[PDB]
Amino acid sequence: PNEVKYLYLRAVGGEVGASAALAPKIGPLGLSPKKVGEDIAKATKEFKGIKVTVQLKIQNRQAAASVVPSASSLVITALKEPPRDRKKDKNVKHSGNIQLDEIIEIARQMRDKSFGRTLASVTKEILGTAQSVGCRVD
RNA sequence: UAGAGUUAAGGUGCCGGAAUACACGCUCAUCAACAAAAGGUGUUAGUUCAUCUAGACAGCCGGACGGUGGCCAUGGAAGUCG
Numbered sequence: 007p008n009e010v011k012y013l014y015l016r017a018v019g020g021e022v023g024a025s026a027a028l029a030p031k032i033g034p035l036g037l038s039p040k041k042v043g044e045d046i047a048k049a050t051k052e053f054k055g056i057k058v059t060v061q062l063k064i065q066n067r068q069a070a071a072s073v074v075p076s077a078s079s080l081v082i083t084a085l086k087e088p089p090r091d092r093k094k095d096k097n098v099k100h101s102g103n104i105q106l107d108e109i110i111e112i113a114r115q116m117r118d119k120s121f122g123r124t125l126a127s128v129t130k131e132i133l134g135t136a137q138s139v140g141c142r143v144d
């Protein structure tokens with residue numbers, strides 16, 4: 007259809023779907039904002055309090071969006087319970103572990119996104135992020 | 001108790017007798033003429049070391065990249081909170 011600006015904005019996986027910044031940026035532009043937040047409440051249900059965008063593009067009184075912008079909801083979704091953990095494992099704290107096959111299938115995804123030389127490239131890249139989230143490789 | 005012979009403590013630009021001398025040197029502020037914590041592109045030298053044609057350093061001039069909003073504090077955290 008005719009689509010106007012693709013409305014990017016840094017936001018939480020908790021805000022968009024609800025009310026606050028969801029409704030007014032599509033409001034006078036002329037969508038049905040509860041069915042926009044219906045589609046986005048597929049994404050921000052599973053991506054619960056994570057760093058995730060959604061592009062609220064102005065279609066024919068419709069919008070649909072589910073965006074993981076980065077490495078974000080790939081590493082913690084590979085943990086299989088995806089909140090944000092609440093900082094590092096060096097304390098009396100930690101997340102769990104990602105499996106070797108589960109962490110490297112993220113690296114098999116971002117190899118059309120990443121410009122990877124060999125198939126050991128984006129492997130170590132996302133293994134850095136694997137220990138960042140308070141997990142590890144298993 | 002007195003005139004000579006020789007010199008200490010210390011002086012010679014001038015009031016007021018005696019070098020406006022000699023050699024080398026930082027510095028010329030009239031320094032010379034009190035004062036600490038605490039501090040400085042005046043200005044000079046020695047020693048040790050990073051650094052150097054294996055292109056030192058400054059000014060002027062650029063590339064500001066793909067993954068990507070990496071991850072996580074948190075109401076939110078965004079390279080840019082921990």
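When you line the first sequence up against the deposited numbering, it's residues 7 to 144, in that order.
Each residue gets a CB set at the ideal place from its N, CA and C atoms; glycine is no exception.
The residue among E9, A26, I46 with its C-alpha nearest the C-alpha of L35 is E9. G23 and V42 have their C-alpha atoms roughly 8 Å apart. Nearest in C-alpha terms to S101, of all of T135, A126, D45, is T135. In the structure shown, the three-state DSSP call for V139 is coil.
DSSP, read as helix, strand or coil, puts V18 in strand.
Rounded to the nearest whole angstrom, the CA to CA distance from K63 to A29 is 12 Å.
The residue among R114, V58, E87 with its C-alpha nearest the C-alpha of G20 is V58.
For a cut-off of 8 Å, the C-beta gap from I82 to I112 is around 11 Å, too long to register as a contact. Put simply, the backbone Cα of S38 is about 6 Å away from that of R67. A17 and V60 have their C-alpha atoms spaced approximately 8 Å apart.
With a contact defined as Cβ atoms closer than 8 Å, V128 and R142 miss out at about 18 Å.
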